[PDB]
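Numbering (our numbering), first residue to last: 5 to 349.
The beta carbon of each residue, even a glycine, is placed where N, CA and C say it ideally should be.
For reference, the structure is listed below as structure tokens.
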Amino acid sequence: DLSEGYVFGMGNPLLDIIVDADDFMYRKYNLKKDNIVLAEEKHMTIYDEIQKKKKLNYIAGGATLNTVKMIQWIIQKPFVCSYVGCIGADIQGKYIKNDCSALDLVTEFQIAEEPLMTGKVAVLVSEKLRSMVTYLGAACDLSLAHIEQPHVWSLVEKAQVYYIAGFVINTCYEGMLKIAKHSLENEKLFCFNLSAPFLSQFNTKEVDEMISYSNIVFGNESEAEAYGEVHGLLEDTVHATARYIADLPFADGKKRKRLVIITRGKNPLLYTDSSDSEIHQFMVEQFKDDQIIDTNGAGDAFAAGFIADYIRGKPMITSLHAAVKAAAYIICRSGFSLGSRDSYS
Ligand SMILES: Nc1ncnc2c1ncn2[C@@H]1O[C@H](COP(=O)(O)O)[C@@H](O)[C@H]1O
Ligand SMILES: Nc1ncnc2c1ncn2[C@@H]1O[C@H](CO)[C@@H](O)[C@H]1O
Ligand SMILES: [Cl-]
Numbered sequence: 005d006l007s008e009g010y011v012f013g014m015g016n017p018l019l020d021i022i023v024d025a026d027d028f029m030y031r032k033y034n035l036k037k038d039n040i041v042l043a044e045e046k047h048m049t050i051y052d053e054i055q056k057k058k059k060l061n062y063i064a065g066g067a068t069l070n071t072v073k074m075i076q077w078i079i080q081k082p083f084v085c086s087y088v089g090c091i092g093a094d095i096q097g098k099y100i101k102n103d104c105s106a107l108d109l110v111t112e113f114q115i116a117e118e119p120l121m122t123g124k125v126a127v128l129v130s131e132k133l134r135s136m137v138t139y140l141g142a143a144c145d146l147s148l149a150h151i152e153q154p155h156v157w158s159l160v161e162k163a164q165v166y167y168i169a170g171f172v173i174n175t176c177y178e179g180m181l182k183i184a185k186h187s188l189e190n191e192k193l194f195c196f197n198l199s200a201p202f203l204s205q206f207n208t209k210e211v212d213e214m215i216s217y218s219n220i221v222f223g224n225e226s227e228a229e230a231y232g233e234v235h236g237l238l239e240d241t242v243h244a245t246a247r248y249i250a251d252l253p254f255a256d257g258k259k260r261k262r263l264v265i266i267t268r269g270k271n272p273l274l275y276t277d278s279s280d281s282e283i284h285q286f287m288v289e290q291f292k293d294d295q296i297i298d299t300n301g302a303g304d305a306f307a308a309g310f311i312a313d314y315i316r317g318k319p320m321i322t323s324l325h326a327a328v329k330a331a332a333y334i335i336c337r338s339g340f341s342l343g344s345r346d347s348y349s
């Protein structure tokens, strides 16, 4: 029985535009496998280009939004989760706003001044490669002033659990930092995600600072390798990274338990904490090739699945199984599609 607004999240509300991309698209825009890049000017043509293609799938995205709204979806109790993001005054943001409302996710969306449109992600799907080109758009306009509003900040004060992806470093770092400081101050549960390799590479200061406030840190193999290399962890990078992140001092220099979970695709995930001396591996659900529909958002679902159980008192191993289940459910679906709740289990 969790109170209303028990879980709070802020991030980038984005519209995923999923397309069966031709192979030349990856060479043309210099896109890499399973990677994500913020759109530069040289990428801008990709949005009108994929628009000329048939069978586009428009579906609400945003890493933080995916996770938080699935937690709300899993819990089934109305208004247990609340989300804050910046959309634009267009039909895309209206769709995202109604999508959240449809599953009882409380939202205080900031609206970017026209004509700044809501962010969009070009999800290029092919048999050989999957890659994302993200245009943040309105999501950048997410301000501290909006968060510091009385009616908006009240959602933060009532919350006992926070989830903020590393992606929000590029849009509103002062906001997520102010909340992280509040969380650690009131001994709350702060959950953070490494989100992408480029964040550890180009925003190393912000990532490490967030970790110092985080009680639970999520990451995958590529993010662990990128993080480890930047921190000079040359030998056994992935394991050394998990240990390093768990062992980092908190901001107030107090002794707390920070949980770290590194996912590794089909391979067993790793986990440990600041008290544990060992790094444990946890096996994952095995898939046949024709069973895998779309792995995009699997990591977002994993976090949702774990947190939803963990904050309800479920043991570590039990919560890990729920996390895999959430990810596996998304894998069998195209985009971050949350179907009827009755068909989950
Ligand atoms: N190919 C896969 N086979 C089985 N599980 C997967 C696969 N890809 C992703 N997952 C699940 O989603 C989580 C996150 O995946 P990843 O972002 O690739 O590390 C994993 O820990 C698994 O629970
Ligand atoms: N820069 C970003 N900020 C927030 N979410 C993102 C970003 N790039 C991709 N995503 C989202 O990540 C999800 C995949 O985990 C997709 O739904 C996509 O919309
Ligand atoms: Cl986000």
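Sorry if obvious, but does the Cβ on residue i come closer than 7 Å to a heavy atom of ligand 2?
i       : result
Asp-20  : yes
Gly-309 : no
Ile-40  : yes
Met-136 : yes
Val-125 : yes
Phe-202 : no
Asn-70  : yes
By alpha-carbon positions, which one of the options ends up nearest to residue i?
i       : options                               : result
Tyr-217 : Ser-187, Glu-239, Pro-319 and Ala-230 : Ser-187
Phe-206 : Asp-145, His-325 and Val-234          : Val-234
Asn-61  : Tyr-139, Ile-21, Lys-182 and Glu-8    : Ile-21
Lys-37  : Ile-321, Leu-198 and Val-129          : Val-129
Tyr-30  : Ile-75, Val-137 and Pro-119           : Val-137
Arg-337 : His-325, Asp-313, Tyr-314 and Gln-295 : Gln-295
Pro-154 : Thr-245, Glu-112, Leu-274 and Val-165 : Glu-112
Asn-70  : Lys-56, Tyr-87 and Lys-59             : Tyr-87
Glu-189 : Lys-209, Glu-239, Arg-260 and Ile-151 : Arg-260
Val-11  : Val-288, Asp-108 and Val-172          : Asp-108
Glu-178 : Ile-315, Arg-345 and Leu-146          : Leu-146
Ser-349 : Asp-27, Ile-78, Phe-254 and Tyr-33    : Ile-78
Please confirm whether residue i and residue j have their CB atoms less than 8 Å apart.
i       : j       : result
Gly-232 : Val-221 : no
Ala-116 : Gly-89  : no
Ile-63  : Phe-340 : yes
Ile-265 : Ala-228 : no
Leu-193 : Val-84  : no
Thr-68  : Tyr-167 : yes
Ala-143 : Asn-271 : no
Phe-202 : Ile-215 : no
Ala-246 : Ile-297 : no
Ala-250 : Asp-277 : yes
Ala-326 : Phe-310 : yes
Answer yes or no: the CB of residue i versus the heavy atoms of ligand 1, is any distance below 7 Å?
i       : result
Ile-296 : yes
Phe-12  : no
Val-264 : no
Mind checking residue i: buried by the 16 CB within 10 Å criterion, or exposed?
i       : result
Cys-104 : buried
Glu-225 : buried
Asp-304 : buried
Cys-176 : buried
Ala-149 : exposed
Ligand 3 and residue i: does the residue's C-beta get closer than 7 Å to at least one heavy atom of that ligand?
i       : result
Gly-9   : no
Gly-66  : yes
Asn-300 : no
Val-234 : no
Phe-171 : yes
So residue i and residue j are supposed to be a Cβ contact under 8 Å. How far apart are they, rounded?
i       : j       : result
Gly-13  : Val-72  : 4 Å
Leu-198 : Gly-223 : 4 Å
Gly-9   : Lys-162 : 4 Å
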